[PDB]
Amino acid sequence: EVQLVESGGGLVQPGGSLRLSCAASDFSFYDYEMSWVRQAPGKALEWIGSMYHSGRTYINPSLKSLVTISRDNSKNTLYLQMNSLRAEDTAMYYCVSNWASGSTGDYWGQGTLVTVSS
Amino acid sequence: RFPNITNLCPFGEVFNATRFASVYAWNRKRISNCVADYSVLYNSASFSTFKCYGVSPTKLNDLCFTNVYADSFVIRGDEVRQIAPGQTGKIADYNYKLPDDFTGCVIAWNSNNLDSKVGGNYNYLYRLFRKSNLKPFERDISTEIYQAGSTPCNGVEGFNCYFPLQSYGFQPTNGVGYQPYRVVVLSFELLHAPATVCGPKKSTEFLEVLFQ
Ligand SMILES: *[C@@H]1O[C@H](CO)[C@@H](O)[C@H](O)[C@H]1NC(C)=O
């Protein structure tokens with residue numbers, strides 16, 4: 001069964017925000033890193049940001065003005081908040097454990113689609 | 001009991017992986033109970049680095065090892081020279097350190113075609129600094145605040161107190177020293193125990209590695 005589940009997500013107006021969440025079966029999924037990753041149509045996989053076991057976060061330097069990542073440890077849940085969304089931000093959004101370990105050492109959620117338009 | 005050594009080593013699962021690790025979180029895969037044909041690996045692609053240490057390079061199709069570890073990551077071109085024994089720099093000191101008595105090969109190639117994007121790929125990170133240098137084959141995946149000066153941090157990021165990871169930026173128009181390179185480090189274990197990785201029974205001498 002599924003161990004990493006994204007929710008939130010749906011339609012957003014240009015200029016709006018959306019908050020995504022990702023629930024983990026277990027807190028070991030935050031060892032050593034949990035990441036938010038998206039894939040836009042036409043485009044390559046884009047890492048958005050990570051939260052590390054310590055609770056600290058690192059955001060893609062080209063997106064840091066638009067993104068916040070936070071965690072609720074009791075619920076084993078990671079949050080992504082993005083503001084001032086544009087058509088470019090239409091994508092499948094994924095939650096990935098140990099993204100920095102490469103495609104042979106990571107663990108992927110199922111994804112949630114976020115669509116931006118009028 | 002002595003192992004079976006009949007299958008070909010699954011180097012493709014390492015060399016052909018879709019996305020490599022970030023160098024600070026370098027990925028290790030154990031290779032065992034298989035036949036390593038380096039003539040086939042060497043001809044599998046065009047490598048820009050293929051250098052061996054602590055071992056005769058031409059004898060690789062005839063040598064046996066108790067295990068092989070394949071370590072893989074991405075760095076920029078100018079840093080590939082730091083993946084060798086006795087080097088220093090951000091990568092050798094803080095990200096991936098080989099021992100002085102290293103036994104293995106370092107294999108690298110330019111991955112501008114896969115790992116760089118118009119507008120820049122930030123997906124790959126490195127560690128900027130540590131209180132002390134890494135020991136050989138040590139991995140540091142922590143994210144403590146680094147006190148860069150005389151201001152105590154008390155665990156807070158800010159003035160003279162720095163988060164220790166940093167994105168590379170990979171665009172296809174980068175100069176080659178700033179373009180991404182995929183690296184595979186093959187570490188040859190030599191414990192006093194039965195071999196589990198061997199070259200092919202009927203082997204050519206691995207001579208093509210001399211003529212780069
Ligand atoms: C990787 O992919 C290419 C094409 O599929 C293949 O020829 C090559 O042998 C593979 N590399 C390894 C080490 O198996």
# chains A, B, ... in the order shown; residues from 1 in each chain; ligands from 1

call {"tool": "residues_around", "arguments": {"residues": "stretch 29-43 of chain A", "least_positions_apart": "3", "cutoff": "8 Å", "atoms": "only C-alpha atoms", "output": "PyMOL selection string"}}
result
(chain A and resi 24-26+46-53+80+88-100) or (chain B and resi 141-142)

call {"tool": "write_last_selection", "arguments": {"atoms": "N, CA, C and O atoms", "output": "compact mmCIF listing (two decimals), in the first residue's frame"}}
result
# COMPACT_ATOMS: atom_id res chain seq x y z
N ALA A 24 2.99 10.99 5.71
CA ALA A 24 3.89 9.85 5.65
C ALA A 24 3.44 8.80 6.66
O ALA A 24 3.04 9.12 7.78
N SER A 25 3.51 7.54 6.24
CA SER A 25 3.23 6.42 7.13
C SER A 25 4.06 6.47 8.41
O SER A 25 3.61 6.00 9.46
N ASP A 26 5.24 7.09 8.35
CA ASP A 26 6.28 6.93 9.37
C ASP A 26 7.19 8.15 9.37
O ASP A 26 7.35 8.80 8.33
N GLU A 46 11.52 19.29 -11.65
CA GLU A 46 12.07 20.45 -10.96
C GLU A 46 11.92 20.27 -9.46
O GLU A 46 10.80 20.23 -8.94
N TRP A 47 13.04 20.19 -8.75
CA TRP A 47 13.01 20.19 -7.29
C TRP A 47 12.67 21.60 -6.79
O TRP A 47 13.20 22.60 -7.28
N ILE A 48 11.74 21.66 -5.84
CA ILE A 48 11.26 22.93 -5.29
C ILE A 48 11.95 23.25 -3.98
O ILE A 48 12.35 24.39 -3.73
N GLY A 49 12.11 22.26 -3.12
CA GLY A 49 12.68 22.51 -1.81
C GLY A 49 12.66 21.24 -1.00
O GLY A 49 11.98 20.26 -1.35
N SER A 50 13.40 21.26 0.09
CA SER A 50 13.50 20.10 0.96
C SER A 50 13.41 20.53 2.40
O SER A 50 13.82 21.64 2.77
N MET A 51 12.87 19.65 3.22
CA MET A 51 13.04 19.76 4.65
C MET A 51 13.89 18.61 5.12
O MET A 51 13.65 17.46 4.74
N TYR A 52 14.88 18.91 5.93
CA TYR A 52 15.82 17.92 6.41
C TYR A 52 15.40 17.44 7.78
O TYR A 52 14.51 18.02 8.42
N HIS A 53 16.01 16.34 8.20
CA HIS A 53 15.66 15.74 9.48
C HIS A 53 15.68 16.75 10.62
O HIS A 53 14.85 16.68 11.53
N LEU A 80 3.61 22.34 1.73
CA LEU A 80 4.15 23.27 0.76
C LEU A 80 3.16 24.41 0.58
O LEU A 80 1.98 24.17 0.36
N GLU A 88 2.80 28.90 -15.53
CA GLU A 88 3.98 28.04 -15.40
C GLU A 88 3.88 27.07 -14.23
O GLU A 88 4.49 25.99 -14.28
N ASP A 89 3.16 27.43 -13.18
CA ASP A 89 3.09 26.61 -11.99
C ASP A 89 2.09 25.46 -12.10
O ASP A 89 1.99 24.67 -11.16
N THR A 90 1.38 25.34 -13.22
CA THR A 90 0.55 24.16 -13.46
C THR A 90 1.44 22.93 -13.58
O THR A 90 2.27 22.85 -14.49
N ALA A 91 1.27 21.97 -12.68
CA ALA A 91 2.14 20.80 -12.71
C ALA A 91 1.59 19.71 -11.81
O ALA A 91 0.72 19.97 -10.96
N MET A 92 2.11 18.50 -11.98
CA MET A 92 2.01 17.46 -10.97
C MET A 92 3.01 17.76 -9.86
O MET A 92 4.20 17.94 -10.12
N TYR A 93 2.55 17.79 -8.62
CA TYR A 93 3.40 18.06 -7.47
C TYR A 93 3.59 16.77 -6.70
O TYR A 93 2.61 16.09 -6.35
N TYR A 94 4.84 16.42 -6.43
CA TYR A 94 5.17 15.17 -5.76
C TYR A 94 5.93 15.44 -4.47
O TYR A 94 6.65 16.44 -4.33
N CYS A 95 5.80 14.49 -3.56
CA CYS A 95 6.53 14.42 -2.31
C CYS A 95 7.52 13.26 -2.44
O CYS A 95 7.11 12.14 -2.74
N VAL A 96 8.81 13.54 -2.24
CA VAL A 96 9.86 12.55 -2.49
C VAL A 96 10.76 12.48 -1.27
O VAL A 96 11.36 13.48 -0.87
N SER A 97 10.87 11.28 -0.69
CA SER A 97 11.82 11.02 0.38
C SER A 97 13.21 10.75 -0.20
O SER A 97 13.34 10.01 -1.18
N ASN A 98 14.23 11.37 0.40
CA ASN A 98 15.64 11.14 0.04
C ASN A 98 15.89 11.39 -1.45
O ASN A 98 16.58 10.63 -2.13
N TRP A 99 15.34 12.51 -1.94
CA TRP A 99 15.50 12.93 -3.32
C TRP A 99 16.97 13.12 -3.68
O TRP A 99 17.37 12.87 -4.82
N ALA A 100 17.78 13.58 -2.73
CA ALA A 100 19.18 13.86 -3.03
C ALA A 100 20.00 12.60 -3.27
O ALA A 100 21.13 12.70 -3.77
N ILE B 141 25.15 14.06 5.83
CA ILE B 141 23.84 14.51 5.35
C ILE B 141 23.14 15.39 6.39
O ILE B 141 21.93 15.58 6.32
N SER B 142 23.88 15.89 7.37
CA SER B 142 23.28 16.75 8.38
C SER B 142 23.13 18.17 7.86
O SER B 142 23.66 18.55 6.81

call {"tool": "residues_around", "arguments": {"residues": "stretch 82-99 of chain B", "least_positions_apart": "2", "cutoff": "7 Å", "atoms": "only C-alpha atoms", "output": "ChimeraX atom specification"}}
result
/B:23-24,79-80,101-102,126-130,133-137

call {"tool": "write_last_selection", "arguments": {"atoms": "N, CA, C and O atoms", "output": "PDB file, in the first residue's frame"}}
result
ATOM      1  N   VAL B  23      26.159  15.256  -4.684  1.00  0.00           N
ATOM      2  CA  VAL B  23      27.447  14.767  -4.184  1.00  0.00           C
ATOM      3  C   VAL B  23      27.482  14.693  -2.655  1.00  0.00           C
ATOM      4  O   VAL B  23      28.054  13.752  -2.092  1.00  0.00           O
ATOM      5  N   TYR B  24      26.842  15.636  -1.953  1.00  0.00           N
ATOM      6  CA  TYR B  24      26.848  15.564  -0.491  1.00  0.00           C
ATOM      7  C   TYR B  24      26.136  14.315   0.012  1.00  0.00           C
ATOM      8  O   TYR B  24      26.501  13.783   1.066  1.00  0.00           O
ATOM      9  N   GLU B  79      35.605  20.280 -10.897  1.00  0.00           N
ATOM     10  CA  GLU B  79      35.805  19.554  -9.658  1.00  0.00           C
ATOM     11  C   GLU B  79      36.111  18.079  -9.871  1.00  0.00           C
ATOM     12  O   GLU B  79      36.403  17.381  -8.893  1.00  0.00           O
ATOM     13  N   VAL B  80      36.060  17.580 -11.109  1.00  0.00           N
ATOM     14  CA  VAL B  80      36.286  16.150 -11.292  1.00  0.00           C
ATOM     15  C   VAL B  80      37.685  15.763 -10.827  1.00  0.00           C
ATOM     16  O   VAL B  80      37.868  14.696 -10.221  1.00  0.00           O
ATOM     17  N   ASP B 101      45.354   5.445   0.089  1.00  0.00           N
ATOM     18  CA  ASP B 101      45.602   4.102  -0.439  1.00  0.00           C
ATOM     19  C   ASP B 101      44.410   3.561  -1.234  1.00  0.00           C
ATOM     20  O   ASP B 101      44.119   2.366  -1.210  1.00  0.00           O
ATOM     21  N   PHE B 102      43.711   4.430  -1.958  1.00  0.00           N
ATOM     22  CA  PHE B 102      42.527   4.039  -2.710  1.00  0.00           C
ATOM     23  C   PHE B 102      42.847   2.920  -3.695  1.00  0.00           C
ATOM     24  O   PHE B 102      43.860   2.961  -4.396  1.00  0.00           O
ATOM     25  N   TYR B 126      25.638  20.746  -3.230  1.00  0.00           N
ATOM     26  CA  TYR B 126      26.876  20.369  -2.555  1.00  0.00           C
ATOM     27  C   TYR B 126      26.920  21.029  -1.183  1.00  0.00           C
ATOM     28  O   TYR B 126      26.207  22.003  -0.922  1.00  0.00           O
ATOM     29  N   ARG B 127      27.763  20.483  -0.302  1.00  0.00           N
ATOM     30  CA  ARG B 127      28.003  21.076   1.006  1.00  0.00           C
ATOM     31  C   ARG B 127      29.125  22.104   0.915  1.00  0.00           C
ATOM     32  O   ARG B 127      30.164  21.854   0.291  1.00  0.00           O
ATOM     33  N   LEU B 128      28.918  23.253   1.559  1.00  0.00           N
ATOM     34  CA  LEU B 128      29.805  24.395   1.381  1.00  0.00           C
ATOM     35  C   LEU B 128      30.994  24.391   2.336  1.00  0.00           C
ATOM     36  O   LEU B 128      32.024  25.002   2.024  1.00  0.00           O
ATOM     37  N   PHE B 129      30.865  23.759   3.504  1.00  0.00           N
ATOM     38  CA  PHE B 129      31.871  23.849   4.558  1.00  0.00           C
ATOM     39  C   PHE B 129      31.486  22.877   5.663  1.00  0.00           C
ATOM     40  O   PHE B 129      30.322  22.502   5.792  1.00  0.00           O
ATOM     41  N   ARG B 130      32.485  22.477   6.452  1.00  0.00           N
ATOM     42  CA  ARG B 130      32.329  21.637   7.633  1.00  0.00           C
ATOM     43  C   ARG B 130      33.355  22.086   8.660  1.00  0.00           C
ATOM     44  O   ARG B 130      34.392  22.644   8.307  1.00  0.00           O
ATOM     45  N   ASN B 133      37.404  18.230   8.011  1.00  0.00           N
ATOM     46  CA  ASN B 133      37.342  17.498   6.754  1.00  0.00           C
ATOM     47  C   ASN B 133      36.691  16.126   6.933  1.00  0.00           C
ATOM     48  O   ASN B 133      36.767  15.503   8.000  1.00  0.00           O
ATOM     49  N   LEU B 134      36.051  15.654   5.864  1.00  0.00           N
ATOM     50  CA  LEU B 134      35.522  14.295   5.835  1.00  0.00           C
ATOM     51  C   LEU B 134      36.643  13.266   5.909  1.00  0.00           C
ATOM     52  O   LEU B 134      37.701  13.430   5.295  1.00  0.00           O
ATOM     53  N   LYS B 135      36.406  12.192   6.661  1.00  0.00           N
ATOM     54  CA  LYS B 135      37.248  11.005   6.543  1.00  0.00           C
ATOM     55  C   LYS B 135      36.921  10.259   5.246  1.00  0.00           C
ATOM     56  O   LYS B 135      35.849  10.441   4.664  1.00  0.00           O
ATOM     57  N   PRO B 136      37.833   9.421   4.762  1.00  0.00           N
ATOM     58  CA  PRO B 136      37.571   8.703   3.510  1.00  0.00           C
ATOM     59  C   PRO B 136      36.268   7.912   3.568  1.00  0.00           C
ATOM     60  O   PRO B 136      35.992   7.210   4.541  1.00  0.00           O
ATOM     61  N   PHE B 137      35.466   8.046   2.507  1.00  0.00           N
ATOM     62  CA  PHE B 137      34.196   7.348   2.332  1.00  0.00           C
ATOM     63  C   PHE B 137      33.181   7.703   3.412  1.00  0.00           C
ATOM     64  O   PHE B 137      32.232   6.954   3.638  1.00  0.00           O
TER      65      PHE B 137
END

call {"tool": "select_by_dssp", "arguments": {"residues": "chain A", "states": "strand (DSSP E)", "output": "ChimeraX atom specification"}}
result
/A:4-7,11-12,18-24,33-39,46-52,57-59,67-72,77-82,91-97,107-108,112-116

call {"tool": "residues_near_ligand", "arguments": {"ligand": "ligand 1", "cutoff": "8 Å", "atoms": "only C-alpha atoms and all ligand atoms", "output": "list in words"}}
result
residues 10, 11, 12, 13, 14, 15, 16, 40, 41, 44 and 45 of chain B

call {"tool": "write_last_selection", "arguments": {"atoms": "N, CA, C and O atoms", "output": "CSV table (one decimal), in the first residue's frame"}}
result
chain,number,residue,atom,x,y,z
B,10,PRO,N,25.7,-5.9,-12.8
B,10,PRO,CA,24.7,-4.9,-13.3
B,10,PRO,C,25.1,-3.5,-13.2
B,10,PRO,O,24.5,-2.6,-12.5
B,11,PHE,N,26.2,-3.1,-13.9
B,11,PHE,CA,26.7,-1.8,-14.0
B,11,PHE,C,25.7,-0.8,-14.5
B,11,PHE,O,25.8,0.4,-14.3
B,12,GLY,N,24.8,-1.3,-15.4
B,12,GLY,CA,23.8,-0.5,-16.0
B,12,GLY,C,22.9,0.2,-15.0
B,12,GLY,O,22.4,1.3,-15.2
B,13,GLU,N,22.6,-0.5,-13.9
B,13,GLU,CA,21.7,0.1,-12.9
B,13,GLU,C,22.4,1.3,-12.2
B,13,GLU,O,21.7,2.1,-11.6
B,14,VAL,N,23.7,1.4,-12.3
B,14,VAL,CA,24.4,2.6,-11.7
B,14,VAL,C,24.6,3.6,-12.8
B,14,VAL,O,24.1,4.7,-12.7
B,15,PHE,N,25.3,3.2,-13.9
B,15,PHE,CA,25.7,4.1,-14.9
B,15,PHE,C,24.5,4.7,-15.7
B,15,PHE,O,24.6,5.8,-16.2
B,16,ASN,N,23.4,4.0,-15.8
B,16,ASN,CA,22.3,4.4,-16.6
B,16,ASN,C,21.1,4.9,-15.7
B,16,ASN,O,20.0,5.1,-16.3
B,40,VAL,N,33.9,-4.2,-21.8
B,40,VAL,CA,32.5,-3.9,-22.2
B,40,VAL,C,32.0,-2.6,-21.5
B,40,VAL,O,31.4,-1.8,-22.2
B,41,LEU,N,32.3,-2.5,-20.2
B,41,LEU,CA,31.9,-1.2,-19.6
B,41,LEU,C,32.6,0.0,-20.3
B,41,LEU,O,32.0,1.0,-20.5
B,44,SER,N,31.0,1.0,-23.4
B,44,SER,CA,29.5,1.2,-23.2
B,44,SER,C,29.1,2.7,-23.5
B,44,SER,O,28.0,2.9,-23.7
B,45,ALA,N,30.1,3.6,-23.4
B,45,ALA,CA,29.9,5.0,-23.6
B,45,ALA,C,31.2,5.7,-23.7
B,45,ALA,O,32.3,5.1,-23.5

call {"tool": "select_by_dssp", "arguments": {"residues": "chain A", "states": "helix (DSSP H, G or I)", "output": "VMD selection string"}}
result
chain A and resid 27 to 30 64 to 66 87 to 89 99 to 101

call {"tool": "write_last_selection", "arguments": {"atoms": "N, CA and C atoms", "output": "short mmCIF file (atom, residue, chain, number, x, y, z; two decimals), in the first residue's frame"}}
result
data_model
loop_
_atom_site.label_atom_id
_atom_site.label_comp_id
_atom_site.auth_asym_id
_atom_site.auth_seq_id
_atom_site.Cartn_x
_atom_site.Cartn_y
_atom_site.Cartn_z
N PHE A 27 7.80 8.44 10.52
CA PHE A 27 8.72 9.57 10.59
C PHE A 27 10.11 9.25 10.02
N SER A 28 10.44 7.97 9.82
CA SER A 28 11.71 7.62 9.20
C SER A 28 11.82 8.15 7.78
N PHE A 29 10.68 8.46 7.15
CA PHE A 29 10.64 9.07 5.82
C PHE A 29 11.21 10.48 5.80
N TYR A 30 11.39 11.11 6.96
CA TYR A 30 12.08 12.39 7.06
C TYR A 30 13.57 12.22 7.32
N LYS A 64 12.77 30.85 -4.12
CA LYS A 64 12.63 30.99 -2.68
C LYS A 64 11.67 32.12 -2.29
N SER A 65 11.51 33.14 -3.14
CA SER A 65 10.59 34.22 -2.83
C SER A 65 9.12 33.80 -2.90
N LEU A 66 8.82 32.62 -3.45
CA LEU A 66 7.44 32.19 -3.64
C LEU A 66 7.05 30.96 -2.84
N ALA A 87 0.67 30.59 -14.81
CA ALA A 87 0.41 29.43 -15.67
C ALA A 87 1.56 28.42 -15.63
N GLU A 88 2.80 28.90 -15.53
CA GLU A 88 3.98 28.04 -15.40
C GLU A 88 3.88 27.07 -14.23
N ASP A 89 3.16 27.43 -13.18
CA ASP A 89 3.09 26.61 -11.99
C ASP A 89 2.09 25.46 -12.10
N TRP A 99 15.34 12.51 -1.94
CA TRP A 99 15.50 12.93 -3.32
C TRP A 99 16.97 13.12 -3.68
N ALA A 100 17.78 13.58 -2.73
CA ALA A 100 19.18 13.86 -3.03
C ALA A 100 20.00 12.60 -3.27
N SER A 101 19.46 11.42 -2.95
CA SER A 101 20.15 10.16 -3.14
C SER A 101 20.05 9.63 -4.56
#

call {"tool": "interface_residues", "arguments": {"of": "chain B", "to": "chain A", "cutoff": "8 Å", "atoms": "only C-alpha atoms", "output": "VMD selection string"}}
result
chain B and resid 17 to 22 25 to 27 117 121 to 125 141 to 144 165 167

call {"tool": "write_last_selection", "arguments": {"atoms": "N, CA, C and O atoms", "output": "PDB file, in the first residue's frame"}}
result
ATOM      1  N   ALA B  17      21.304   5.039 -14.427  1.00  0.00           N
ATOM      2  CA  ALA B  17      20.240   5.571 -13.588  1.00  0.00           C
ATOM      3  C   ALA B  17      19.751   6.906 -14.128  1.00  0.00           C
ATOM      4  O   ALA B  17      20.507   7.685 -14.711  1.00  0.00           O
ATOM      5  N   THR B  18      18.456   7.149 -13.932  1.00  0.00           N
ATOM      6  CA  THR B  18      17.796   8.330 -14.482  1.00  0.00           C
ATOM      7  C   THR B  18      18.354   9.618 -13.887  1.00  0.00           C
ATOM      8  O   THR B  18      18.639  10.580 -14.611  1.00  0.00           O
ATOM      9  N   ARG B  19      18.500   9.659 -12.567  1.00  0.00           N
ATOM     10  CA  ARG B  19      18.894  10.857 -11.846  1.00  0.00           C
ATOM     11  C   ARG B  19      19.969  10.454 -10.856  1.00  0.00           C
ATOM     12  O   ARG B  19      19.780   9.504 -10.086  1.00  0.00           O
ATOM     13  N   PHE B  20      21.091  11.165 -10.877  1.00  0.00           N
ATOM     14  CA  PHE B  20      22.154  10.809  -9.955  1.00  0.00           C
ATOM     15  C   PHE B  20      21.934  11.492  -8.609  1.00  0.00           C
ATOM     16  O   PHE B  20      21.148  12.437  -8.485  1.00  0.00           O
ATOM     17  N   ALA B  21      22.625  10.990  -7.588  1.00  0.00           N
ATOM     18  CA  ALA B  21      22.612  11.664  -6.301  1.00  0.00           C
ATOM     19  C   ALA B  21      23.323  13.026  -6.370  1.00  0.00           C
ATOM     20  O   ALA B  21      24.179  13.278  -7.224  1.00  0.00           O
ATOM     21  N   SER B  22      22.936  13.918  -5.459  1.00  0.00           N
ATOM     22  CA  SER B  22      23.766  15.065  -5.112  1.00  0.00           C
ATOM     23  C   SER B  22      25.033  14.582  -4.411  1.00  0.00           C
ATOM     24  O   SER B  22      24.993  13.656  -3.596  1.00  0.00           O
ATOM     25  N   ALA B  25      25.122  13.839  -0.716  1.00  0.00           N
ATOM     26  CA  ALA B  25      24.370  12.638  -0.355  1.00  0.00           C
ATOM     27  C   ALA B  25      24.746  11.458  -1.241  1.00  0.00           C
ATOM     28  O   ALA B  25      23.898  10.622  -1.553  1.00  0.00           O
ATOM     29  N   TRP B  26      26.020  11.379  -1.652  1.00  0.00           N
ATOM     30  CA  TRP B  26      26.429  10.431  -2.682  1.00  0.00           C
ATOM     31  C   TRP B  26      25.870   9.029  -2.422  1.00  0.00           C
ATOM     32  O   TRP B  26      25.783   8.562  -1.284  1.00  0.00           O
ATOM     33  N   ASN B  27      25.470   8.366  -3.493  1.00  0.00           N
ATOM     34  CA  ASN B  27      24.805   7.076  -3.405  1.00  0.00           C
ATOM     35  C   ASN B  27      25.818   5.953  -3.567  1.00  0.00           C
ATOM     36  O   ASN B  27      26.642   5.998  -4.481  1.00  0.00           O
ATOM     37  N   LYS B 117      19.500  22.595 -17.900  1.00  0.00           N
ATOM     38  CA  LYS B 117      18.244  23.078 -18.462  1.00  0.00           C
ATOM     39  C   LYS B 117      18.386  24.555 -18.785  1.00  0.00           C
ATOM     40  O   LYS B 117      19.096  25.292 -18.093  1.00  0.00           O
ATOM     41  N   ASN B 121      19.283  24.261 -14.021  1.00  0.00           N
ATOM     42  CA  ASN B 121      18.899  23.166 -13.148  1.00  0.00           C
ATOM     43  C   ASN B 121      19.566  23.358 -11.788  1.00  0.00           C
ATOM     44  O   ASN B 121      20.800  23.367 -11.691  1.00  0.00           O
ATOM     45  N   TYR B 122      18.748  23.518 -10.743  1.00  0.00           N
ATOM     46  CA  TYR B 122      19.220  23.681  -9.374  1.00  0.00           C
ATOM     47  C   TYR B 122      19.078  22.403  -8.548  1.00  0.00           C
ATOM     48  O   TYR B 122      19.272  22.441  -7.322  1.00  0.00           O
ATOM     49  N   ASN B 123      18.742  21.271  -9.184  1.00  0.00           N
ATOM     50  CA  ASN B 123      18.342  20.086  -8.427  1.00  0.00           C
ATOM     51  C   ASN B 123      19.498  19.444  -7.679  1.00  0.00           C
ATOM     52  O   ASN B 123      19.256  18.663  -6.748  1.00  0.00           O
ATOM     53  N   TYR B 124      20.739  19.720  -8.085  1.00  0.00           N
ATOM     54  CA  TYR B 124      21.909  19.087  -7.498  1.00  0.00           C
ATOM     55  C   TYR B 124      22.576  20.046  -6.525  1.00  0.00           C
ATOM     56  O   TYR B 124      22.796  21.211  -6.862  1.00  0.00           O
ATOM     57  N   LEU B 125      22.919  19.549  -5.337  1.00  0.00           N
ATOM     58  CA  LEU B 125      23.496  20.362  -4.275  1.00  0.00           C
ATOM     59  C   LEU B 125      24.879  19.863  -3.881  1.00  0.00           C
ATOM     60  O   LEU B 125      25.245  18.713  -4.136  1.00  0.00           O
ATOM     61  N   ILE B 141      25.152  14.059   5.826  1.00  0.00           N
ATOM     62  CA  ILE B 141      23.844  14.508   5.353  1.00  0.00           C
ATOM     63  C   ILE B 141      23.144  15.387   6.391  1.00  0.00           C
ATOM     64  O   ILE B 141      21.934  15.582   6.320  1.00  0.00           O
ATOM     65  N   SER B 142      23.878  15.888   7.374  1.00  0.00           N
ATOM     66  CA  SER B 142      23.285  16.746   8.385  1.00  0.00           C
ATOM     67  C   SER B 142      23.134  18.171   7.859  1.00  0.00           C
ATOM     68  O   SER B 142      23.664  18.548   6.810  1.00  0.00           O
ATOM     69  N   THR B 143      22.405  18.974   8.619  1.00  0.00           N
ATOM     70  CA  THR B 143      22.127  20.360   8.257  1.00  0.00           C
ATOM     71  C   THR B 143      22.217  21.227   9.505  1.00  0.00           C
ATOM     72  O   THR B 143      21.288  21.949   9.865  1.00  0.00           O
ATOM     73  N   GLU B 144      23.325  21.120  10.218  1.00  0.00           N
ATOM     74  CA  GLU B 144      23.552  22.016  11.334  1.00  0.00           C
ATOM     75  C   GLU B 144      24.021  23.373  10.818  1.00  0.00           C
ATOM     76  O   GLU B 144      24.586  23.483   9.725  1.00  0.00           O
ATOM     77  N   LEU B 165      24.219  23.761   2.836  1.00  0.00           N
ATOM     78  CA  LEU B 165      24.073  23.211   1.492  1.00  0.00           C
ATOM     79  C   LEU B 165      23.790  24.322   0.485  1.00  0.00           C
ATOM     80  O   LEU B 165      23.293  25.398   0.830  1.00  0.00           O
ATOM     81  N   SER B 167      22.865  25.003  -3.959  1.00  0.00           N
ATOM     82  CA  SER B 167      22.557  24.490  -5.291  1.00  0.00           C
ATOM     83  C   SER B 167      23.689  24.792  -6.252  1.00  0.00           C
ATOM     84  O   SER B 167      24.245  25.884  -6.237  1.00  0.00           O
TER      85      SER B 167
END

call {"tool": "atom_distance", "arguments": {"atom1": "atom CA of residue B:62", "atom2": "atom CA of residue B:204"}}
result
8.8 Å

call {"tool": "residues_around", "arguments": {"residues": "residue B:43", "least_positions_apart": "4", "cutoff": "12 Å", "atoms": "only C-alpha atoms", "output": "list in words"}}
result
residues 37, 38, 39, 47, 50, 206, 207, 208, 209 and 212 of chain B

call {"tool": "write_last_selection", "arguments": {"atoms": "N, CA and C atoms", "output": "short mmCIF file (atom, residue, chain, number, x, y, z; two decimals), in the first residue's frame"}}
result
data_model
loop_
_atom_site.label_atom_id
_atom_site.label_comp_id
_atom_site.auth_asym_id
_atom_site.auth_seq_id
_atom_site.Cartn_x
_atom_site.Cartn_y
_atom_site.Cartn_z
N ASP B 37 33.23 -7.27 -16.58
CA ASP B 37 33.96 -7.13 -17.84
C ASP B 37 34.17 -5.64 -18.09
N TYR B 38 35.39 -5.16 -17.82
CA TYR B 38 35.67 -3.74 -17.98
C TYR B 38 35.86 -3.33 -19.43
N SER B 39 36.21 -4.26 -20.32
CA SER B 39 36.27 -3.92 -21.73
C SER B 39 34.90 -3.53 -22.24
N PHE B 47 33.58 8.10 -22.05
CA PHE B 47 33.93 8.67 -20.75
C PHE B 47 35.03 9.71 -20.90
N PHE B 50 38.65 8.03 -16.88
CA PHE B 50 38.61 6.61 -16.58
C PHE B 50 40.00 6.27 -16.07
N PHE B 206 42.80 -5.86 -20.59
CA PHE B 206 42.08 -4.59 -20.69
C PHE B 206 43.04 -3.49 -21.14
N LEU B 207 43.42 -3.56 -22.43
CA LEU B 207 44.43 -2.66 -22.97
C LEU B 207 43.85 -1.33 -23.41
N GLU B 208 42.55 -1.27 -23.73
CA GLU B 208 42.00 -0.05 -24.30
C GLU B 208 42.02 1.11 -23.32
N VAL B 209 42.12 0.83 -22.02
CA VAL B 209 42.19 1.88 -21.00
C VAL B 209 43.50 2.68 -21.07
N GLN B 212 43.74 6.49 -24.12
CA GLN B 212 42.77 7.56 -24.03
C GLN B 212 43.41 8.86 -24.50
#

call {"tool": "residues_around", "arguments": {"residues": "residue B:188", "least_positions_apart": "3", "cutoff": "6 Å", "atoms": "only C-alpha atoms", "output": "ChimeraX atom specification"}}
result
/B:68,103-104

call {"tool": "residues_around", "arguments": {"residues": "residue B:193", "least_positions_apart": "4", "cutoff": "10 Å", "atoms": "only C-alpha atoms", "output": "PDB file with N, CA and C atoms, in the first residue's frame"}}
result
ATOM      1  N   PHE B   2      31.883 -20.776  -0.782  1.00  0.00           N
ATOM      2  CA  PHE B   2      32.330 -19.942  -1.901  1.00  0.00           C
ATOM      3  C   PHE B   2      31.154 -19.551  -2.797  1.00  0.00           C
ATOM      4  N   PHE B  65      37.876  -9.725  -6.564  1.00  0.00           N
ATOM      5  CA  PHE B  65      37.651  -8.896  -5.391  1.00  0.00           C
ATOM      6  C   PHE B  65      36.525  -9.492  -4.547  1.00  0.00           C
ATOM      7  N   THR B  66      36.597  -9.267  -3.234  1.00  0.00           N
ATOM      8  CA  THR B  66      35.542  -9.754  -2.350  1.00  0.00           C
ATOM      9  C   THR B  66      34.244  -8.950  -2.496  1.00  0.00           C
TER      10      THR B  66
END

call {"tool": "atom_distance", "arguments": {"atom1": "atom CA of residue B:77", "atom2": "atom CA of residue B:114"}}
result
14.4 Å

call {"tool": "residues_around", "arguments": {"residues": "stretch 4-9 of chain B", "least_positions_apart": "6", "cutoff": "7 Å", "atoms": "only C-alpha atoms", "output": "number ranges by chain"}}
result
B: 33-36, 196-197

call {"tool": "atom_distance", "arguments": {"atom1": "atom CA of residue B:191", "atom2": "atom CA of residue B:55"}}
result
14.8 Å
